[PDB]
Structures are given as C-alpha cells and as structure tokens.
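Engineer: Could you work out the structure for the sequence below:
(chains A and B)
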There are 2 protein chains.
Amino acid sequence: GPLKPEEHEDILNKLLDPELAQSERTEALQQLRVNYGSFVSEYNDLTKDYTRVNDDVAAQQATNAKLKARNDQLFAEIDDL
Amino acid sequence: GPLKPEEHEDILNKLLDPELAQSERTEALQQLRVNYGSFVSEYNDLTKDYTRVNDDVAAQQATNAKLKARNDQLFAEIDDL
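Structural biologist: Numbers count the residues shown, from 1 in each chain, chains lettered A, B, ... in the order given. Please see the structure below:
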C-alpha cells in the first residue's frame, strides 16, 4: 500500500537538492503522485466498509426495536391468560 | 483536511522545475510533509470510529440474541396456559 512516513520523507529529502538528476527528479515526483492516489483509494476502501457497517448497526437497531415491541406485547398478553 | 488531488499535483508541478526558487521549494516540500501527516491522522480518525462501530455491531447481535431468547421463553409459556 501507501508509503510509510519515513519512505515519504526520504523522497522529500532527495527533492531538496537542486543538483539531482532529471530522470530521478521526475521519478521521485511520480512516486509521490502515484502514492497520493493510492492513499485516497485506501481511504475510500475503509470508507466503503465503514458505510456498510454503520448500515448494519442501523438495520439491526430497527430489528431489535421490533423484537422489543413483540416482547412487551407478549408481556401484556400474560396477565390476560 | 488533506490536500485535494489537484492541489497535491500542483505542488508536484512546481517541484518539477529545477530552476525553482529554493525559498519556494522548501515551502512546497513542507506542504507535502505536513500534508502526509494530516492524511495519516485522518485515516486514523476513520479507523478509530470504524473500530467503535464494529464493537457496536457485535453488541447489537448480542442484544438481538438476548431478545430472541426472551421471545422464545414467552412464546413457550403461552402453550403452558
């Protein structure tokens, strides 16, 4: 996945020096470019699963509300019979 | 919040030019460094709440089974009477 913070800092270090070869400047920039995209995507992956799980919670809260209702209904239908 | 992809790209565009003023180069590398930390932190914020919610899922399943069991024992003593 995405670069570790020390790997990213390393690239930023190479880029500090103007004396750096052009094939290596563009190569380091491309690593940053591609890495940024990777990071956005990984954040999307987690967002997607977070969305799924918050929907499970909500749907289960409603399902448990329905069962709590039927349990109070059957608790009242016990004094009668 | 972390830089948008187009703002990040823009910084990479500036840094491609070897003639760029050293004052602006270090300012640009700074923005990248700081932004990288901000992004790790945003991802951490989301990981934290995701963890919390996955524990809410488990606790919702447990409450469900705790209601479905009491729903069984009440339905069963509707046969006794």
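
Engineer: Let me know whether whichever helix in chain A runs longest sits next to chain B.
Structural biologist: When chain A is parsed with DSSP state H, its longest helix is helix A:22-76. Yes: interface with chain B: helix A:22-76 contributes A:22, A:25-26, A:29, A:32-33, A:36-37, A:39-40, A:42-43, A:46-47, A:49-50, A:53-54, A:56-57, A:60-61, A:63-64, A:67-68, A:70-71, A:74-75 (Cβ under 8 Å from any Cβ of the partner chain). Where C-beta positions appear, they are placed from N, C-alpha and C, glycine not excepted.

Engineer: Could you list every helix and strand in contact with that helix?
Structural biologist: Secondary-structure packing of helix A:22-76 (3 or more Cβ pairs under 8 Å, 6 or more residues apart in numbering or on different chains; DSSP states H and E): helix A:5-14, helix B:5-16, helix B:22-80.

Engineer: Out of the ones you listed, the one nearest residue A:80 is which?
Structural biologist: helix B:22-80 (10.7 Å; Cβ to Cβ).

Engineer: so the closest one versus helix A:5-14, what angle?
Structural biologist: Angle between the axes of helix B:22-80 and helix A:5-14 is 160 degrees (criterion: axes from the mean of the first three to the mean of the last three Cα atoms, to 10 degrees).
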